[PDB]
Structure formats: structure tokens, C-alpha cells
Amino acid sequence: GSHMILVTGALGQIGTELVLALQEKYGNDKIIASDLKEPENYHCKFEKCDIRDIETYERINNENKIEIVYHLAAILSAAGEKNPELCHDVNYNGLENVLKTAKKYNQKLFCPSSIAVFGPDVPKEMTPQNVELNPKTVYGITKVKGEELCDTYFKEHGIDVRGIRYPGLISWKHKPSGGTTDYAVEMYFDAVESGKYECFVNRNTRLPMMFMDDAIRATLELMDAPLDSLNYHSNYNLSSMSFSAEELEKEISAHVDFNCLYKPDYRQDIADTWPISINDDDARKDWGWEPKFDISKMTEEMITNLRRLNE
């Protein structure tokens, strides 16, 4: 086959790093990036597209002989509370476009979910894989519907679509976009840049978090697993860390001097409805998941690179 891979949402937090990992794994000639606007200074072949534009999306897939899509395009939780209609449109109708195309062209898919599928009616601690999904955000609802649609494509249409309920992801290669979990990223950036941070959640806010290298590795490992080994498809729980905002402040302060003030905003109301930690036994059992970055190791990577960038 062509062995060609498309990454939608390629310019975002995950995509910035996933494109590189896929180029190194498969060879640079095998990877096509797509997002809304063509970037200036960019070492991957790029095809612009709105994920809602089925005609152009199909054309990109056809012409490039795409066999595998890593579908990252989305509107996230905080933006989705501000703009519910946009969130539904982009997330649900974009996903539907991706799945319909996969069925036409016999594609394999990665379509991620989020811990935002969970609401406060199920356990906050070590949330199980199989509990009711009654999210309290628009975004969470889109993700629940998306899990279900993916699993319908798998069962009814034979599409090998896989996905992870990512926790909050922390990275330094992309500027923070002010998402709900972005207080962890921003705290690092602002600590190193200015020695001060105004945190938009309260000091005890405690969410499942993961360093990007772990999330990217998890994504690739899940995609490489034999299909018959998977007991879940669109929606693996996935865990690494669970810490509060002040715990992160104390970790960062062991390395860098900084003033952290807590001034919650609307994003608190999102975070408060999510679990603190996640039971990912099924990922660990079915496909060998184990995280490699604890808070100390992640902190060293973040601070070292951010200090370099601030030279």
C-alpha cells in the first residue's frame, strides 16, 4: 500500500508533536499534515482543510492515497462552553466526515476522546472504564457522542478506529491555548518567563494529567497493537499523574523562584465536574500501557527547555 498517514488538527498541542513522532516512525514522506491555515515555516507536507468541508477532505485523502488518519481537529472544553454551536459542529460533524471517509476508503483511524466524558455522578477517584457518561460540558457531550459513533463504525462498518480518553496534557513545544487543563502548562511558562503566574483555577484543583511524551507514545502503542488484543476501541481510559495546582506550584518552586496567585474563572466550573484520577487498567492489560514521566521528570524537561527558550 501507499502507507500514507494524514494528521488532522496537525498544528495543535498534540499534533505539533505527533507529526514529528510519526515522521520518525514511518519516514517523513509518509506523513501529511492538515489544519485550517497553511503555516509559514513548516517541514511537513501540508494540505489546508476545514474538517467540515467534506469535498476538500475527501480530495486530500484520495489524492494522497491516505490509509491511516490521526484525527486531532477539535474545539476543546473551555472554547466549547463559550461557543457551544461551534464545538458541536466542528467536533461532531468533523468526526462524522472522518468516519464516512474511512468507510469509503477502508482507512484505519485514531480519534481521541477526553476525561471530559465523565461527570460528578460517577466516582471522582480512579474512575472506572465502564461507568455512565453524563458530562456537564458541551465538549464532553461531543466526546461521548463521538465515542459512540466511532464504536458504531467499528461494530457495524468494520472500521478499525481506536481512541484514548486523554487526561490533561502538558507540553512546552506549543504555546498554551488557555484550555481548561492549560493552567499546568501556563504555570511552567510564566514561572520561567516572569517569575509570576495568575492561575485560573483554585489551588486545590486536581485533575488527571500526563506529559506529552507519554501521551504520544500511548497513541502510537495503541495504534500498533494487534486488533484482536483490544477489548475497547474508541475510548480507553489512560492515566499517569494526579496532582493539585498548588502541588505543581511547589514542584516548580523547587527549581525556579516564582509568585503564584490564584484567581479562578469560568474554567473552574468545568474542572470541578471532572474526575481527579482515572483507572486505566484496561489499557495497561490489553496493550501494555505504562507511563514513564512522573511530576519530577516532567518538571525537569519543561523547565530545561523553557529556560533555553528564554535565553
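Counting begins at 1, following the sequence as shown.
- For the pair 238-246 and 252-260, the record assigns the higher mean C-alpha temperature factor to 252-260.
- Between 20-28 and 288-296, the higher mean Cα B-factor belongs to 20-28.
- Comparing the C-alpha B-factors of 229, 113, 107, 219 in the entry, the top value falls on 229.
- In the PDB entry, a CA B factor belonging to the highest third of its chain's modelled residues is recorded for residue 42.
- The PDB entry assigns residue 206 a C-alpha temperature factor belonging to the middle third of its chain's modelled residues.
- Ranked within its chain, residue 153 lands in the middle third, by CA B factor from the PDB record.
- Per the deposited record, the Cα B-factor of residue 127 falls in the lowest third when ranked against the other modelled residues of its chain.
- Among all modelled residues in this chain, the alpha-carbon of residue 178 has a temperature factor (C-alpha) in the highest third.
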